[PDB]
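Peer 1: Have a look at this one.
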Amino acid sequence: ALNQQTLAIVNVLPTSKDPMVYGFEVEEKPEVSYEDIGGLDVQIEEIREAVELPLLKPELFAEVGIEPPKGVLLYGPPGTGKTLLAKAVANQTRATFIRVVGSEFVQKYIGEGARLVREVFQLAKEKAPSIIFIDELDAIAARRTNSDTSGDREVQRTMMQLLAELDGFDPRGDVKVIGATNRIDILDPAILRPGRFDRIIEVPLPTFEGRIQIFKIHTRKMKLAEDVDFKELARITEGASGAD
Amino acid sequence: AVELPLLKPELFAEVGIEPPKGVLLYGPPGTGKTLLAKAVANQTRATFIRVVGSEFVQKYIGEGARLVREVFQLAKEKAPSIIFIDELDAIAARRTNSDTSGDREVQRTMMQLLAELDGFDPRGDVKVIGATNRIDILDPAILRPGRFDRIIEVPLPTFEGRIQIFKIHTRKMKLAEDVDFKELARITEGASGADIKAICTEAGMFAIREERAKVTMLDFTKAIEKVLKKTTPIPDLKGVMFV
Amino acid sequence: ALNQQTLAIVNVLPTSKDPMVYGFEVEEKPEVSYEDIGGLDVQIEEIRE
Amino acid sequence: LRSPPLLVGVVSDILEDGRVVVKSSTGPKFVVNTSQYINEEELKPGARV
Ligand SMILES: Nc1ncnc2c1ncn2[C@@H]1O[C@H](COP(=O)(O)OP(=O)(O)OP(=O)(O)O)[C@@H](O)[C@H]1O
Ligand SMILES: Nc1ncnc2c1ncn2[C@@H]1O[C@H](COP(=O)(O)OP(=O)(O)O)[C@@H](O)[C@H]1O
Ligand SMILES: [Mg+2]
Ligand SMILES: [Mg+2]
């Protein structure tokens with residue numbers, strides 16, 4: 001703000017409150033912890049190590065002289081509840097949570113996709129620490145071998161902008177991505193590698209026990225069975241996912 | 001390629017040595033092209049201009065090109081200057097085509113760049129450090145020397161090369177007296193510097209669990225197994241019919 | 001150019017278009033000069049004619 | 001809080017008759033007075049003054 005008639009700096013800073021990325025921060029704070037989702041029990045512990053634990057006690061990492069993890073990269077079957085696992089940690093840590101659908105990026109206006117992801121990353125540093133959930137990496141992961149003449153360079157530009165923000169030259173900002181894909185065959189060698197995504201995690205299909213876990217949560221929202229036997233239920237749902 | 005021009009200019013004088021006008025780095029990712037650029041930035045202390053190749057080309061026509069000129073005219077005032085261009089993958093199109101927005105307008109910002117680094121309008125003293133993943137999606141003008149006179153290949157670090165990377169990360173950590181880095185670099189053959197950071201952090205996760213400050217030999221081999229397993233699978237299959 | 005205080009033409013101006021770095025930039029000075037006709041020599045002969 | 005306003009603009013051209021046209025960032029082109037702080041000898045058309 002400038003006091004007019006001399007038009008010189010008098011007041012820092014009213015800047016800027018930009019709804020375009022400001023408005024995609026917190027999701028009214030998650031009501032999901034990792035006690036309102038299961039089935040991916042084994043995976044959950046791994047994730048708590050990579051994200052929550054630095055925040056819980058930093059000193060355990062300082063103590064072993066190690067860099068703390070950069071978060072987790074999840075692939076698996078669609079719908080297993082990768083979103084809900086990001087939500088579970090974000091809530092529990094009591095840190096800033098930025099949920100972006102990451103496929104809604106990539107504009108057909110050139111490099112606008114890249115611009116936008118530059119803002120979301122910057123936004124993260126200002127409100128650091130912040131955990132960012134980048135959903136869907138099937139429309140922002142580029143292909144280096146041509147298949148769409150106008151397409152390849154465009155998705156690539158966007159992609160290498162966010163990589164640049166991630167640890168290209170610039171600090172992490174204690175992000176801690178937390179970003180879900182389902183294909184590891186559509187990623188580029190550039191992002192695939194760790195130091196951008198330290199612990200690459202396989203998310204498989206739920207075990208026998210895991211069907212059962214998910215089931216008990218959902219039937220407690222219902223009126224529940226009066227002839228309980230969850231062993232039967234598990235068998236049928238074998239070969240499916242958490243969303244099913 | 002940049003130390004000697006600033007600190008040893010009498011050499012240039014006496015012998016008669018034309019100055020170098022850039023360094024091109026290419027090679028697989030995570031190897032520490034970015035670490036080398038910072039190090040040079042820190043340790044020759046002269047004007048370190050950091051720009052990014054995805055940052056060029058915006059939504060208006062010819063904005064990206066505008067932006068390139070601004071950078072070159074400011075570099076010319078600030079010389080000695082090193083422009084450090086991070087990413088060359090999306091900014092360059094080896095192939096040419098017409099009337100495509102990812103393959104004609106990315107070429108009208110390429111053409112402004114080729115073209116101020118050296119060209120009719122000089123330079124300054126840049127010394128432009130370019131770095132990319134692949135040259136196979138990089139325009140040949142950059143590839144050819146004349147400007148970007150030292151064509152620096154970068155491979156995945158050597159057998160001995162990988163033992164040194166381990167030892168930098170360990171220099172910051174701790175170790176046990178059963179630890180042998182050579183055995184671990186073997187396993188991790190054909191791996192970049194970034195991968196090694198993940199081994200040392202992951203090994204650190206085992207040490208933590210077991211409540212110890214030092215990392216032992218067992219923890220590292222456990223981390224090579226851990227990280228790798230979760231990235232590609234092992235089960236399947238035996239016959240039936242393949243027996 | 002008009003008088004600022006109240007308007008009236010006070011100066012013709014020898015009349016311009018906005019030369020900036022256009023016609024203003026005349027450079028052909030060393031290293032590259034006419035003492036350095038490196039080539040590709042036949043190509044330069046065509047240009048000279 | 002009162003630091004005076006000094007307009008910033010870029011030179012359109014340098015006049016032979018010992019004056020200079022300079023474009024304000026407001027917009028309107030102006031013919032300015034030379035001075036001995038910054039001469040027409042450190043300046044060229046496009047110089048930020
Ligand atoms: N040789 C190395 N030794 C130790 N750590 C390394 C090494 N190389 C990279 N890293 C770590 O991985 C991080 C990310 O990689 P960095 O940004 O340096 O890669 P780059 O080679 O410039 O890659 P790209 O092809 O993606 O442009 C580094 O900042 C560093 O912490
Ligand atoms: N493990 C789970 N527990 C509870 N609800 C689940 C689970 N997995 C997915 N769902 C539900 O299925 C739907 C789609 O899955 P969602 O969590 O959005 O995942 P993704 O981002 O992995 O596609 C949502 O309505 C979600 O509540
Ligand atoms: Mg979802
Ligand atoms: Mg790099």
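Labeling convention for the structure tokens: chains A, B, ... as they appear, residues from 1 per chain, ligands from 1 in order of appearance.
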Using only C-alpha atoms and all ligand atoms, determine which residues fall within 6 Å of ligand 1, then list them as a PyMOL selection string.

Peer 2: (chain A and resi 167-168+190+195) or (chain B and resi 28-35+87+132-133+165+193-194+197)

Peer 1: Can you list, as a list in words, all residues belonging to region 17-81 of chain B that DSSP tags as alpha helix (DSSP H)?

Peer 2: residues 33, 34, 35, 36, 37, 38, 39, 40, 41, 42, 43, 63, 64, 65, 66, 67, 68, 69, 70, 71, 72, 73, 74, 75, 76, 77 and 78 of chain B

Peer 1: Give the residues close to ligand 3, within 8 Å, counting only C-alpha atoms and all ligand atoms; write them as a list in words.

Peer 2: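 Protein and nucleic-acid residues within 8 Å of ligand 3: residues 79, 81, 82, 83, 84 and 135 of chain A.
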
Peer 1: Would you mind listing, as number ranges by chain, all residues of chain B that have at least one atom within 12 Å of chain C, where only C-alpha atoms are what counts?

Peer 2: B: 18, 73, 118-122

Peer 1: Between D:47, D:34, D:17, D:1, which is the closest to chain B once you count only C-alpha atoms?

Peer 2: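 The answer is D:47, which sits nearest to chain B.
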
Peer 1: Excluding same-chain residues fewer than 2 positions from residue 64 (chain B), what lies within 12 Å of it counting only C-alpha atoms, as a PyMOL selection string?

Peer 2: (chain A and resi 110-112) or (chain B and resi 52-62+66-71+91+105-113)

Peer 1: Deliver the residues from the most recent selection as a file, using C-alpha atoms, as a PDB file, in the first residue's frame.

Peer 2:
ATOM      1  CA  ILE A 110       0.817 -22.921 -23.765  1.00  0.00           C
ATOM      2  CA  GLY A 111       2.854 -23.270 -20.598  1.00  0.00           C
ATOM      3  CA  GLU A 112      -0.263 -22.140 -18.568  1.00  0.00           C
TER       4      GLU A 112
ATOM      5  CA  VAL B  52      14.446 -22.506 -15.786  1.00  0.00           C
ATOM      6  CA  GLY B  53      13.454 -23.771 -19.249  1.00  0.00           C
ATOM      7  CA  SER B  54       9.702 -24.483 -18.423  1.00  0.00           C
ATOM      8  CA  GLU B  55       9.339 -20.883 -17.288  1.00  0.00           C
ATOM      9  CA  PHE B  56       9.770 -19.703 -20.919  1.00  0.00           C
ATOM     10  CA  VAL B  57       6.688 -19.908 -23.038  1.00  0.00           C
ATOM     11  CA  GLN B  58       3.498 -18.560 -21.581  1.00  0.00           C
ATOM     12  CA  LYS B  59      -0.126 -18.313 -22.827  1.00  0.00           C
ATOM     13  CA  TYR B  60       0.213 -15.190 -24.939  1.00  0.00           C
ATOM     14  CA  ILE B  61       1.886 -15.242 -28.340  1.00  0.00           C
ATOM     15  CA  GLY B  62       5.578 -14.565 -28.238  1.00  0.00           C
ATOM     16  CA  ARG B  66      10.108 -11.498 -24.745  1.00  0.00           C
ATOM     17  CA  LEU B  67      11.194 -13.036 -21.554  1.00  0.00           C
ATOM     18  CA  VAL B  68      14.405 -14.551 -23.155  1.00  0.00           C
ATOM     19  CA  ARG B  69      15.528 -11.034 -24.368  1.00  0.00           C
ATOM     20  CA  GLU B  70      15.006  -9.493 -20.948  1.00  0.00           C
ATOM     21  CA  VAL B  71      17.292 -12.110 -19.501  1.00  0.00           C
ATOM     22  CA  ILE B  91      12.125 -25.854 -24.534  1.00  0.00           C
ATOM     23  CA  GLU B 105       5.858 -21.615 -30.671  1.00  0.00           C
ATOM     24  CA  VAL B 106       8.325 -23.537 -28.575  1.00  0.00           C
ATOM     25  CA  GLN B 107      10.506 -23.028 -31.660  1.00  0.00           C
ATOM     26  CA  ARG B 108       9.971 -19.232 -31.717  1.00  0.00           C
ATOM     27  CA  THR B 109      11.489 -19.035 -28.269  1.00  0.00           C
ATOM     28  CA  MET B 110      14.256 -21.486 -29.105  1.00  0.00           C
ATOM     29  CA  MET B 111      15.146 -19.108 -32.068  1.00  0.00           C
ATOM     30  CA  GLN B 112      15.476 -16.033 -29.774  1.00  0.00           C
ATOM     31  CA  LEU B 113      17.816 -17.963 -27.461  1.00  0.00           C
TER      32      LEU B 113
END
